[PDB]
>>> print(open('protein16.tsv').read())   # TSV, C-alpha atoms
chain	number	residue	atom	x	y	z
B	1	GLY	CA	104.54	18.30	166.76
B	2	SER	CA	105.22	21.53	168.74
B	3	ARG	CA	105.67	25.37	168.37
B	4	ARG	CA	109.48	24.81	167.87
B	5	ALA	CA	108.73	23.33	164.38
B	6	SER	CA	106.90	26.55	163.26
B	7	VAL	CA	108.58	29.58	161.52
B	8	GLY	CA	106.11	32.49	162.22
B	9	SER	CA	107.87	33.32	165.58
B	10	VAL	CA	111.58	33.10	166.57
B	11	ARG	CA	112.68	34.17	170.09
B	12	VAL	CA	115.91	36.29	170.04
B	13	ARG	CA	118.24	37.89	172.66
B	14	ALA	CA	119.31	41.56	172.62
B	15	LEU	CA	123.11	41.92	172.04
B	16	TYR	CA	123.00	45.62	173.11
B	17	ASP	CA	120.46	48.31	174.18
B	18	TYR	CA	118.12	50.07	171.67
B	19	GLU	CA	115.35	52.76	171.82
B	20	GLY	CA	112.53	53.15	169.25
B	21	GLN	CA	112.31	56.29	167.04
B	22	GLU	CA	108.66	55.96	165.79
B	23	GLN	CA	105.24	54.52	166.92
B	24	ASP	CA	106.06	51.32	164.90
B	25	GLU	CA	109.40	50.74	166.81
B	26	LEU	CA	110.47	48.91	170.05
B	27	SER	CA	112.90	49.55	172.99
B	28	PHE	CA	115.06	47.08	174.98
B	29	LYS	CA	118.36	46.65	176.97
B	30	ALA	CA	121.44	44.40	176.63
B	31	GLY	CA	120.38	40.80	177.54
B	32	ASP	CA	116.56	41.29	177.09
B	33	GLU	CA	114.31	38.77	175.24
B	34	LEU	CA	112.07	39.61	172.23
B	35	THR	CA	110.27	37.73	169.37
B	36	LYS	CA	111.20	38.06	165.65
B	37	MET	CA	108.06	38.05	163.39
B	38	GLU	CA	109.62	38.96	159.97
B	39	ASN	CA	112.85	38.35	157.94
B	40	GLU	CA	115.89	40.70	157.87
B	41	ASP	CA	115.49	43.55	155.32
B	42	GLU	CA	118.15	44.93	152.89
B	43	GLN	CA	119.06	47.53	155.62
B	44	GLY	CA	119.57	44.78	158.32
B	45	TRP	CA	116.28	45.45	160.24
B	46	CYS	CA	113.45	43.14	161.44
B	47	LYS	CA	109.87	43.45	162.78
B	48	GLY	CA	109.00	41.67	166.05
B	49	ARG	CA	107.22	41.66	169.46
B	50	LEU	CA	108.54	42.97	172.81
B	51	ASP	CA	108.72	41.66	176.41
B	52	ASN	CA	105.97	44.22	177.36
B	53	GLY	CA	103.84	43.10	174.32
B	54	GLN	CA	104.29	45.98	171.80
B	55	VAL	CA	104.94	45.19	168.07
B	56	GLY	CA	107.44	47.11	165.88
B	57	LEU	CA	110.71	47.41	163.89
B	58	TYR	CA	114.22	47.06	165.38
B	59	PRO	CA	117.82	46.67	164.00
B	60	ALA	CA	118.42	42.91	163.40
B	61	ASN	CA	122.16	43.64	164.05
B	62	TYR	CA	121.33	44.25	167.80
B	63	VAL	CA	120.07	40.63	168.47
B	64	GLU	CA	121.06	36.90	168.30
B	65	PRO	CA	118.91	33.67	168.03
B	66	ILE	CA	117.74	31.63	171.09
B	67	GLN	CA	117.72	27.75	170.97
>>> encode(input="protein16.tsv", output="structure tokens")
Amino acid sequence: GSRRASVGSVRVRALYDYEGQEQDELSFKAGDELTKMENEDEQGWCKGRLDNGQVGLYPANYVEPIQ
């Protein structure tokens, strides 16, 4: 067994740049890496962890899955 079999963290790649609007949001550029920690909401948003280490919401429509 390995961490690839788990479902509590999914690495994802930023499609485009984004900048957080509250203390519970994150900021990244086109081609950055981040970590999804929660499912997509009814609005098309997720909650994850950043390359610097911060934790917050971001639009799930600005990322794609890594394999």
>>> residues_around(input="protein16.tsv", residues="residue 40 (chain B)", least_positions_apart="4", cutoff="12 Å", atoms="only C-alpha atoms", output="CSV table (one decimal) with C-alpha atoms, in the frame of the given file")
chain,number,residue,atom,x,y,z
B,36,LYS,CA,111.2,38.1,165.6
B,44,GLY,CA,119.6,44.8,158.3
B,45,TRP,CA,116.3,45.4,160.2
B,46,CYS,CA,113.4,43.1,161.4
B,47,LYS,CA,109.9,43.4,162.8
B,48,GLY,CA,109.0,41.7,166.0
B,57,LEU,CA,110.7,47.4,163.9
B,58,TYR,CA,114.2,47.1,165.4
B,59,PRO,CA,117.8,46.7,164.0
B,60,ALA,CA,118.4,42.9,163.4
B,61,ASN,CA,122.2,43.6,164.0
B,62,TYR,CA,121.3,44.2,167.8
B,63,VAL,CA,120.1,40.6,168.5
>>> residues_around(input="protein16.tsv", residues="residue 12 (chain B)", least_positions_apart="4", cutoff="8 Å", atoms="all atoms listed in the file", output="mmCIF file with C-alpha atoms, keeping the file's coordinate frame")
data_model
loop_
_atom_site.group_PDB
_atom_site.id
_atom_site.type_symbol
_atom_site.label_atom_id
_atom_site.label_comp_id
_atom_site.auth_asym_id
_atom_site.auth_seq_id
_atom_site.Cartn_x
_atom_site.Cartn_y
_atom_site.Cartn_z
ATOM 1 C CA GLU B 33 114.310 38.770 175.240
ATOM 2 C CA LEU B 34 112.070 39.610 172.230
ATOM 3 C CA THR B 35 110.270 37.730 169.370
ATOM 4 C CA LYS B 36 111.200 38.060 165.650
ATOM 5 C CA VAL B 63 120.070 40.630 168.470
ATOM 6 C CA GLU B 64 121.060 36.900 168.300
ATOM 7 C CA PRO B 65 118.910 33.670 168.030
ATOM 8 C CA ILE B 66 117.740 31.630 171.090
#
>>> atom_distance(input="protein16.tsv", atom1="CA of residue 49 (chain B)", atom2="CA of residue 24 (chain B)")
10.7 Å
>>> atom_distance(input="protein16.tsv", atom1="CA of residue 55 (chain B)", atom2="CA of residue 39 (chain B)")
14.6 Å
>>> atom_distance(input="protein16.tsv", atom1="CA of residue 67 (chain B)", atom2="CA of residue 11 (chain B)")
8.2 Å
>>> closest_residue(input="protein16.tsv", among="B:22, B:27, B:17, B:8", to="residue 51 (chain B)", atoms="all atoms listed in the file")
B:27
>>> closest_residue(input="protein16.tsv", among="B:13, B:18, B:6, B:23", to="residue 54 (chain B)", atoms="only C-alpha atoms")
B:23
>>> closest_residue(input="protein16.tsv", among="B:16, B:53, B:43, B:4", to="residue 28 (chain B)", atoms="all atoms listed in the file")
B:16
>>> closest_residue(input="protein16.tsv", among="B:50, B:26, B:32, B:37", to="residue 9 (chain B)", atoms="all atoms listed in the file")
B:37
>>> axis_aligned_box(input="protein16.tsv", around="region 13-26 of chain B", padding_each_side="4 Å", output="JSON")
{"center_x": 114.2, "center_y": 47.1, "center_z": 169.5, "size_x": 25.9, "size_y": 26.4, "size_z": 17.3}
>>> decode(input="protein16.tsv", residues="chain B", atoms="C-alpha atoms", output="compact mmCIF listing (two decimals), in the first residue's frame")
# COMPACT_ATOMS: atom_id res chain seq x y z
CA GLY B 1 0.00 0.00 0.00
CA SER B 2 0.95 3.69 -0.56
CA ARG B 3 -0.39 7.32 -0.30
CA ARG B 4 -1.69 7.05 -3.95
CA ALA B 5 -4.44 4.64 -2.70
CA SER B 6 -5.78 7.25 -0.17
CA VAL B 7 -8.53 9.88 -0.92
CA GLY B 8 -7.90 12.60 1.77
CA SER B 9 -5.38 14.46 -0.53
CA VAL B 10 -5.33 14.88 -4.35
CA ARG B 11 -2.55 16.93 -6.01
CA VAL B 12 -3.89 19.28 -8.77
CA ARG B 13 -2.38 21.73 -11.33
CA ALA B 14 -3.53 25.35 -11.75
CA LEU B 15 -5.11 25.93 -15.23
CA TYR B 16 -4.93 29.76 -14.76
CA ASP B 17 -3.89 32.36 -12.12
CA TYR B 18 -6.07 33.16 -9.03
CA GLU B 19 -5.85 35.50 -5.97
CA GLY B 20 -7.64 34.92 -2.62
CA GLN B 21 -10.38 37.34 -1.43
CA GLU B 22 -10.56 36.33 2.31
CA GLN B 23 -8.31 34.89 5.11
CA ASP B 24 -9.68 31.38 4.25
CA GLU B 25 -8.59 31.66 0.53
CA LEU B 26 -5.40 30.85 -1.51
CA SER B 27 -3.39 32.47 -4.38
CA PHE B 28 -1.50 30.84 -7.30
CA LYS B 29 -0.36 31.27 -10.97
CA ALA B 30 -0.95 29.34 -14.23
CA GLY B 31 1.00 26.02 -13.99
CA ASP B 32 1.43 25.98 -10.13
CA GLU B 33 0.83 22.86 -7.96
CA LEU B 34 -1.62 22.65 -5.01
CA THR B 35 -3.43 19.92 -2.96
CA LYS B 36 -7.24 19.36 -2.99
CA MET B 37 -8.57 18.44 0.53
CA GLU B 38 -12.39 18.59 -0.07
CA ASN B 39 -14.97 17.80 -2.84
CA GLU B 40 -16.34 20.34 -5.38
CA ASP B 41 -19.29 22.38 -3.97
CA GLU B 42 -22.56 23.34 -5.77
CA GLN B 43 -20.82 26.63 -6.83
CA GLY B 44 -17.78 24.75 -8.36
CA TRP B 45 -15.30 25.56 -5.51
CA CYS B 46 -12.93 23.37 -3.42
CA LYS B 47 -10.83 23.66 -0.22
CA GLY B 48 -7.13 22.71 -0.38
CA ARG B 49 -3.48 23.40 0.59
CA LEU B 50 -0.95 25.67 -1.20
CA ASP B 51 2.68 25.37 -2.37
CA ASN B 52 3.69 27.79 0.48
CA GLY B 53 1.62 25.71 3.01
CA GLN B 54 -1.52 27.87 3.59
CA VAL B 55 -5.01 26.21 3.66
CA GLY B 56 -8.14 27.73 2.03
CA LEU B 57 -10.90 27.83 -0.62
CA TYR B 58 -10.31 28.24 -4.39
CA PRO B 59 -12.43 27.86 -7.61
CA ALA B 60 -12.28 24.16 -8.66
CA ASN B 61 -12.78 25.40 -12.28
CA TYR B 62 -9.19 26.89 -12.21
CA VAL B 63 -7.42 23.46 -11.73
CA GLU B 64 -6.97 19.93 -13.24
CA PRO B 65 -5.94 16.55 -11.63
CA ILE B 66 -2.30 15.26 -11.50
CA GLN B 67 -1.53 11.50 -12.09
